[PDB]
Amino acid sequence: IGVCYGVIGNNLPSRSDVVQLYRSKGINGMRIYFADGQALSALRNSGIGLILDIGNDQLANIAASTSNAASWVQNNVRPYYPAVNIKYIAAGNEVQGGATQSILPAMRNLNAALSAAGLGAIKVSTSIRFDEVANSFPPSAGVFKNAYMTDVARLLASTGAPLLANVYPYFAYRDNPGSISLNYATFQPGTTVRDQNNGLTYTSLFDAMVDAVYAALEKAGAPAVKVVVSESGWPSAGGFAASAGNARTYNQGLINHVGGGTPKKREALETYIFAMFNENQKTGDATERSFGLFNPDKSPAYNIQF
């Protein structure tokens, strides 16, 4: 499985220390949020598959021209591939506003540049959050609420690239403690929901969520498009339901689950746990600083067998 690697803290390890920890624990996937040169160099011949986000601040620059995208590929990708196994490139992460207007042309522009560079194995996609999907209940009722997402699904369909989704049962649960049980949320026996539309049964909030993305994809006209869960995790402190036991239970649960897929698609699901270390400098809710599997000093936040 993979682990997202965030560096928004003032007390984290060196990139090479990081890569080493990964190889020790047997983690075979990494997501990085910008073209981090030190991470990339450290990653050479490490055998770790990678999701490379371009960085939202780069979206407009890349969307402008193919020469802009070629220059980015030349500096940030060409020097590391194929030694570094970059599997995907996320042209934007949870972009909002008029910026969404830039995601399709940046996606095209990168596809053209990778092509001419002779790097067509690398696939181009975009990272979204679940709040992109409406009428998620029953999961079969899922539909993309924004118009631009259909444009994207179609491009992914024709290019053979998957969709990267940030799925967090924690946020769903946190918002709706009354309607949602901790068991259902953390992969524990107890609850069963039946999708009337297709008759599938659901025992976990995770499955129900992923299958809602699949519902939406199909409606968009992109049935064969796969989903890569580009983020999923549970905080160990800073708010409601945040605790090591809950965080241990969710993540281990997650690791032991994804290999069986979901009721709509029983194939193993590619998933990235958020995140490797707690980022002591994040803003927003107190929980943001407590999503790590490890403590800044490389010590296990709680025990997880990968």
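Throughout, we count residues from 1 along the sequence that is shown.
Stretches compared: 294-302, 13-21. Higher mean C-alpha B-factor in the entry: 294-302. Note on 126-134 vs 218-226: mean CA B-factor is higher in 218-226. The maximum CA B-factor among the listed residues 72, 168, 88, 202, taken from the PDB record, is found at 202. Ranking 55, 261, 49, 238 by Cα temperature factor from the entry places 261 first. Residue-level temperature factors show residue 31 in the lowest third of its chain, judged at the C-alpha atom. Sort the chain's modelled residues by C-alpha temperature factor and residue 180 lands in the highest third, per the entry.
Among the modelled residues of its chain, residue 188 has a C-alpha B-factor that falls in the highest third according to the deposited record. The PDB entry assigns residue 157 a C-alpha temperature factor belonging to the middle third of its chain's modelled residues. Residue 64: CA B factor in the lowest third of modelled residues in this chain (values from the PDB entry).
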